[PDB]
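Next up: a single chain in structure tokens, the form solved without the DNA.
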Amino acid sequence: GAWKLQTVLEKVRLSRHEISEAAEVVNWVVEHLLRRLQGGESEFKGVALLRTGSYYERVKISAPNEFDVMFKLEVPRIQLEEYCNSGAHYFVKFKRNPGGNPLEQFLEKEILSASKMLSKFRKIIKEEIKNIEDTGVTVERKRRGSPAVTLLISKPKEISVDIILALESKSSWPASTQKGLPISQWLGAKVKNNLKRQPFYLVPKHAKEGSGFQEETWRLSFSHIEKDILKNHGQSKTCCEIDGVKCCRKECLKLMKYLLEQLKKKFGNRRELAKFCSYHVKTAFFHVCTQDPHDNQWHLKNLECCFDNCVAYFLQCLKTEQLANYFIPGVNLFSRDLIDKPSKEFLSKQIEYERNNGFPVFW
């Protein structure tokens, strides 16, 4: 193959060891923290580690010094109120409970308060980290527009860990997701039904930068579903297994992430590139899996054409300024409210240039 994509995949593979070692350090610290939370008497006594995200999907290809971790908390009887038109943001309310509400301390005027819950969450984390301060682990100061409590691990490696609190609701998916997860052709109706019977999650997200009740909103998270469709990505159950056939679906996702990350290193993460992240290419990739549902379309030998399909689709989204959230179709990740036109223009041009020259940024 002229692009020599197998050699590129070998290069990104080199990063694997560093990422696995760092992940062990992160897991040690977070397991300590979890055991403290679970042995305590706080509302967060029921938290558990939610093993999702790029690391557990095995597509974390970079940034061994940066991890995010999700703590899930089962919350019964949730009732959502949409913040606005989109389904991007919700207020969390509760349905009547004759047995009570363990989260009463966080209620403010009908609504579960995110700032109240996070303050208490941050407080508990800070006290547990202070208790083990000889370990060299500290809590980073609050960042603007970040729902996370960031841990700074200094030894034996410098690692930033974003701890994200996620509410778990074992209830029907909200109406905004009705035409979401369009995987029927790709994975089948049975798989789609099974996945939509899983719980959904809520993580704190500000609706707009203002000061006000937009500070109290939550966004949906389906990171556990994303993990499953990445891991069990074939029409056949033996796709990419030892006794099955190798497809190149994951390799393509990795190359798309790597493309964006190498462009940022090439250009110095300038203003135009700073708003694009791996979640945009992951979303584009899922839409491509839907348009090309068959395992034989992704046979390993077909790597160049498959990767080119992903790139071409991503180019089409940049030009049309349309990239629908895979679970919430009414949410456009490429709207002008989020990313201005010249930024899309600049990335389009660079991707077009890379494509026409065999992706020299990879080398």
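In this text, residue numbers run from 1 along the sequence as written.
Undergrad: Would 116 to 124 or 194 to 202 have the larger average of its C-alpha temperature factors, as given in the entry?
TA: It is 116 to 124.
Undergrad: Between 59 to 67 and 330 to 338, name whichever shows the higher mean Cα B factor according to the PDB entry.
TA: So the stretch with the higher mean C-alpha B-factor is 330 to 338.
Undergrad: I'd like to know which of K264, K282, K250, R144 has the highest C-alpha temperature factor in the PDB entry.
TA: Out of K264, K282, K250, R144, the record gives the largest C-alpha B-factor to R144.
Undergrad: Hey, out of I164, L152, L230, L103, whose CA B-factor is highest in the deposited coordinates?
TA: In this record, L103 carries the highest C-alpha B-factor of the candidates.
Undergrad: Which third, lowest, middle or highest, does the CA B-factor of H294 fall in along this chain?
TA: Ranked within chain, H294 CA B lands in the lowest tercile.
Undergrad: Would the CA B-factor of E82 place it in the lowest, middle or highest third of its chain?
TA: For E82, the deposited C-alpha B-factor lands in the highest third.
Undergrad: Taking the values exactly as deposited, rank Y90 by C-alpha B-factor within its chain and report the matching third: lowest, middle or highest.
TA: According to the entry, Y90 has a C-alpha B-factor in the chain's highest third.
Undergrad: Give the position of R270 by CA B-factor within its chain, expressed as the lowest, middle or highest third.
TA: Highest third - that is where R270 ends up once the chain's C-alpha B-factors are sorted.
Undergrad: Name the third of the chain's ranked CA B-factors that contains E226, choosing lowest, middle or highest.
TA: For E226, the deposited C-alpha B-factor lands in the lowest third.
In what follows, reference is made to the form deposited with the DNA bound, a form of this protein that is not presented.
Undergrad: Identify which of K250, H280, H89, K264 has a heavy atom within 4.5 Å of the DNA in the bound PDB entry; exactly one of them does.
TA: By the 4.5 Å criterion, the partner-contacting residue is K250.
Undergrad: Only one of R35, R51, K45, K319 has a non-hydrogen atom within 4.5 angstroms of the DNA in the bound PDB entry; which is it?
TA: Filtering the options by heavy-atom distance leaves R51.
Undergrad: Which single stretch, out of 306 to 314, 52 to 60, 37 to 45, 327 to 335, brings residue heavy atoms within 4.5 Å of the DNA in the bound PDB entry?
TA: Result of the contact check: 52 to 60.
Undergrad: In the bound PDB entry, does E241 have a heavy atom within 4.5 Å of the DNA?
TA: Yes - in the bound PDB entry, heavy atoms of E241 and the DNA come within 4.5 Å of each other.
Undergrad: Would you please decide whether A23 lies within 4.5 angstroms of the DNA in the bound PDB entry, comparing each non-hydrogen atom pair?
TA: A23: yes, in contact with the DNA in the bound PDB entry.
Undergrad: If you check in the bound PDB entry, is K254 within 4.5 Å of the DNA, heavy atoms only?
TA: Although the DNA is absent here, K254 would touch it in the bound PDB entry, with heavy atoms inside 4.5 Å.
Undergrad: Can you tell me if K120 lies within 4.5 angstroms of the DNA in the bound PDB entry, counting non-hydrogen atoms only?
TA: Although the DNA is absent here, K120 would stay clear of it in the bound PDB entry, with no heavy atoms inside 4.5 Å.
Undergrad: Let me know which residues along 1 to 37 have a heavy atom within 4.5 Å of the DNA in the bound PDB entry, or say none if there are none.
TA: Sequence-ordered list: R13, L14, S15, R16, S20, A23, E24, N27.
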